[PDB]
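Enquirer: Sharing target32.cif (mmCIF, C-alpha atoms) below.
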data_start
#
loop_
_atom_site.group_PDB
_atom_site.id
_atom_site.type_symbol
_atom_site.label_atom_id
_atom_site.label_comp_id
_atom_site.auth_asym_id
_atom_site.auth_seq_id
_atom_site.Cartn_x
_atom_site.Cartn_y
_atom_site.Cartn_z
ATOM 1 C CA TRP A 1538 8.609 -31.518 -7.331
ATOM 2 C CA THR A 1539 8.429 -35.123 -6.159
ATOM 3 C CA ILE A 1540 10.681 -36.686 -3.526
ATOM 4 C CA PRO A 1541 13.994 -37.575 -5.202
ATOM 5 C CA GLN A 1542 14.865 -34.260 -6.901
ATOM 6 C CA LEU A 1543 14.396 -31.706 -4.108
ATOM 7 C CA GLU A 1544 17.000 -32.919 -1.598
ATOM 8 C CA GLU A 1545 19.765 -31.483 -3.773
ATOM 9 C CA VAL A 1546 17.807 -28.224 -3.911
ATOM 10 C CA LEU A 1547 17.603 -28.229 -0.118
ATOM 11 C CA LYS A 1548 21.347 -28.857 0.058
ATOM 12 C CA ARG A 1549 21.919 -25.935 -2.310
ATOM 13 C CA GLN A 1550 19.685 -23.729 -0.171
ATOM 14 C CA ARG A 1551 21.613 -24.649 2.970
ATOM 15 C CA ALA A 1552 24.984 -24.235 1.248
ATOM 16 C CA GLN A 1553 24.569 -20.479 0.841
ATOM 17 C CA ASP A 1554 24.821 -18.410 4.013
ATOM 18 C CA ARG A 1555 21.672 -16.856 5.457
ATOM 19 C CA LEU A 1556 20.548 -14.342 8.075
ATOM 20 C CA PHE A 1557 17.913 -14.936 10.716
ATOM 21 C CA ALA A 1558 16.016 -13.556 13.688
ATOM 22 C CA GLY A 1559 15.058 -15.579 16.749
ATOM 23 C CA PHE A 1560 11.876 -15.356 18.792
ATOM 24 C CA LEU A 1561 10.582 -16.694 22.098
ATOM 25 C CA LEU A 1562 6.824 -16.391 22.384
ATOM 26 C CA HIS A 1563 3.901 -17.546 24.499
ATOM 27 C CA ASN A 1564 0.134 -17.163 24.790
ATOM 28 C CA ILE A 1565 -1.056 -13.551 24.691
ATOM 29 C CA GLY A 1566 -4.822 -14.102 24.821
ATOM 30 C CA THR A 1567 -5.762 -13.084 21.284
ATOM 31 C CA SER A 1568 -4.390 -14.157 17.919
ATOM 32 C CA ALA A 1569 -2.491 -11.280 16.354
ATOM 33 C CA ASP A 1570 0.243 -10.424 13.888
ATOM 34 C CA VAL A 1571 3.804 -9.315 14.598
ATOM 35 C CA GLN A 1572 5.361 -6.356 12.793
ATOM 36 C CA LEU A 1573 9.130 -5.921 12.691
ATOM 37 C CA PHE A 1574 11.079 -2.811 11.724
ATOM 38 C CA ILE A 1575 14.760 -2.366 10.917
ATOM 39 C CA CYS A 1576 16.211 0.874 12.260
ATOM 40 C CA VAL A 1577 19.431 2.092 10.645
ATOM 41 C CA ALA A 1578 22.004 4.726 11.542
ATOM 42 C CA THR A 1579 22.501 8.020 9.722
ATOM 43 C CA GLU A 1583 19.245 10.772 13.785
ATOM 44 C CA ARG A 1584 17.742 7.262 13.851
ATOM 45 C CA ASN A 1585 14.389 6.398 12.285
ATOM 46 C CA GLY B 290 32.455 50.826 27.371
ATOM 47 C CA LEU B 291 28.906 51.769 26.337
ATOM 48 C CA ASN B 292 27.266 54.912 27.694
ATOM 49 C CA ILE B 293 23.566 55.752 27.999
ATOM 50 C CA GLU B 294 23.316 56.937 24.398
ATOM 51 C CA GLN B 295 25.307 53.931 23.186
ATOM 52 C CA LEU B 296 23.073 51.364 24.884
ATOM 53 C CA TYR B 297 20.154 53.449 23.639
ATOM 54 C CA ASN B 298 21.167 53.142 19.987
ATOM 55 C CA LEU B 299 21.753 49.443 20.632
ATOM 56 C CA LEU B 300 18.225 49.025 21.990
ATOM 57 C CA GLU B 301 16.509 50.756 19.071
ATOM 58 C CA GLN B 302 18.554 48.831 16.514
ATOM 59 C CA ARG B 303 17.831 45.599 18.408
ATOM 60 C CA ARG B 304 14.066 46.183 18.544
ATOM 61 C CA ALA B 305 13.906 45.681 14.764
ATOM 62 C CA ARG B 306 15.526 42.233 14.825
ATOM 63 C CA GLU B 307 13.492 39.090 14.149
ATOM 64 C CA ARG B 308 13.867 36.259 16.640
ATOM 65 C CA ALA B 309 12.730 32.737 17.450
ATOM 66 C CA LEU B 310 11.655 32.529 21.074
ATOM 67 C CA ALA B 311 10.769 29.766 23.474
ATOM 68 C CA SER B 312 8.039 30.849 25.875
ATOM 69 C CA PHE B 313 8.281 29.228 29.296
ATOM 70 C CA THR B 314 5.697 28.915 32.077
ATOM 71 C CA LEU B 315 7.664 27.502 35.014
ATOM 72 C CA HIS B 316 6.929 27.226 38.720
ATOM 73 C CA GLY B 317 9.672 25.323 40.576
ATOM 74 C CA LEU B 318 9.620 21.746 41.878
ATOM 75 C CA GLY B 319 11.158 22.349 45.299
ATOM 76 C CA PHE B 320 14.714 21.995 43.983
ATOM 77 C CA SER B 321 17.003 23.786 41.563
ATOM 78 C CA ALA B 322 17.042 22.227 38.108
ATOM 79 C CA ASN B 323 17.873 22.984 34.489
ATOM 80 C CA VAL B 324 16.194 22.261 31.162
ATOM 81 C CA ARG B 325 18.021 21.630 27.891
ATOM 82 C CA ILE B 326 15.957 22.283 24.768
ATOM 83 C CA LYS B 327 16.563 21.118 21.208
ATOM 84 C CA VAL B 328 14.996 21.868 17.836
ATOM 85 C CA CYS B 329 14.301 19.367 15.075
ATOM 86 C CA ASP B 330 12.829 19.358 11.596
ATOM 87 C CA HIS B 331 9.034 19.440 11.298
ATOM 88 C CA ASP B 332 8.736 15.682 10.773
ATOM 89 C CA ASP B 333 5.682 14.626 12.778
ATOM 90 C CA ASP B 334 4.967 11.440 10.794
ATOM 91 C CA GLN B 337 14.815 5.085 8.681
#
So that I can check it, write out the structure of this file as structure tokens.

Expert:
Amino acid sequence: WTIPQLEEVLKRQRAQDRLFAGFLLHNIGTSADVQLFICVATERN
Amino acid sequence: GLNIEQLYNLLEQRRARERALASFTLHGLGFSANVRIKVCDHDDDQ
């Protein structure tokens, strides 16, 4: 994909609604991963 | 309404029952308190 044919694709991507999660983060001393989990109701796991 | 023989028969028939018990070893913390206990499925591992 060169320059002039992906802007429409980006517009299409933005056109459809999306979900997101926000983060605020700082230095922790050692590089490490972050694992997220999605608890749901039923107890709760 | 139960007499000596009545409570007797009750005790022998009760001795044969099969029960789930919680065994407690308590001592008191200087104040009256209560403990509520709950059971859950054996799931130790959504």

Enquirer: What does the distance between CA of residue 1575 (chain A) and CA of residue 337 (chain B) come to in Å, to one decimal place?

Expert: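 CA of residue 1575 (chain A) sits 7.8 Å away from CA of residue 337 (chain B).
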
Enquirer: Selection in question (the file shown): the PyMOL selection byres ((chain A) within 12 of (chain B)). Which residues does it include, as a ChimeraX atom specification?

Expert: /A:1574-1579,1583-1585

Enquirer: Find the axis-aligned box for region 1566-1573 of chain A, covering all its listed atoms and adding 5 Å on each side, and write its centre and edge lengths in Å to one decimal as JSON.

Expert:
{"center_x": 1.7, "center_y": -10.0, "center_z": 18.8, "size_x": 24.9, "size_y": 18.2, "size_z": 22.1}
